[PDB]
């Protein structure tokens, strides 16, 4: 099945400056008992960021035993707690700061990583889908469509069933999506289970930093307006979609109303969402929905109302008929 409501569980990708880094200091995986709270809340789908450099400290080589094993443990816990997991290679179309398709990082290396990820985890019941690359941007944008096909090819060697989530250029911006997306039309999936995944935030620059409050001229439909370009492109081209990130601060009711409006529109169009973000070690992060003493997380009550609604049969939008 495809859940319309889901959350990001971030932490494994933290502190990029430290490689390999130390678990519990630089990066964090969910502790025992972590998924229970979310499952009891009624959330059953999770997007899980991973750092490519930690998974694969050398290109075209076996996955790291310690980091990959932590992933195994996390998947085992998700399964015990009725949680389905989207693995996200959270890398901006780069390995050690070099773009995929450059001489340092050939597309074949990216294909190799995807083959390895699919080979290791295709047998795990808790695995739901592969989000093959988080937020290609900048000098990566031109070379990304070629890289994406290599990633699809990589996964499909070992997993011919599960959905592939394909992000777009320009930080996978939903708002700007039609400006660049046509380059993704040449992508082909032999299994016909390919879904585009866009990101959206409703602060002024759409970065999710929230440098300002809503302001006097705030529009409740701002989230909907920002995803329409994406959803309309999907409709025009007979493609399927997904919102892999959206988040808001807990300090203004107006943000919550905009979120409600966005969720209604996504629900109408059968587009699933992954809220950014929950996680084992967020501290004071403004967008966090993880429980923290003294913090209310109104975003969670809102997600719960939607989670109760019927899922769609498949990733939308529904085909014209």
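Residue numbers count along the first chain shown, from 1.
Visitor: Can you tell me which stretch has the higher mean Cα B-factor, 290-298 or 261-269?
Guide: Between 290-298 and 261-269, it is 290-298 that shows the higher mean C-alpha B-factor.
Visitor: Between 100-108 and 168-176, name whichever shows the higher mean Cα B factor according to the PDB entry.
Guide: According to the entry, 100-108 carries the higher average C-alpha B-factor.
Visitor: Sorting the chain's modelled residues by C-alpha B-factor, tell me whether residue 9 ends up in the lowest, middle or highest third.
Guide: CA B-factor rank for residue 9: lowest third.
Visitor: Could you say whether, by C-alpha temperature factor, residue 46 belongs to the lowest, middle or highest third of its chain?
Guide: It belongs to the lowest third of the chain when residues are ordered by C-alpha B-factor.
Visitor: Considering every modelled residue of the chain and its Cα B-factor in the PDB entry, is residue 218 in the lowest, middle or highest third?
Guide: Highest third - that is where residue 218 ends up once the chain's C-alpha B-factors are sorted.
Visitor: When the modelled residues of the chain are sorted by Cα temperature factor, does residue 247 land in the lowest, middle or highest third?
Guide: Lowest third of the chain for residue 247's C-alpha B-factor.
Visitor: Which third of the chain does residue 237 land in by C-alpha B-factor: lowest, middle or highest?
Guide: Highest third - that is where residue 237 ends up once the chain's C-alpha B-factors are sorted.
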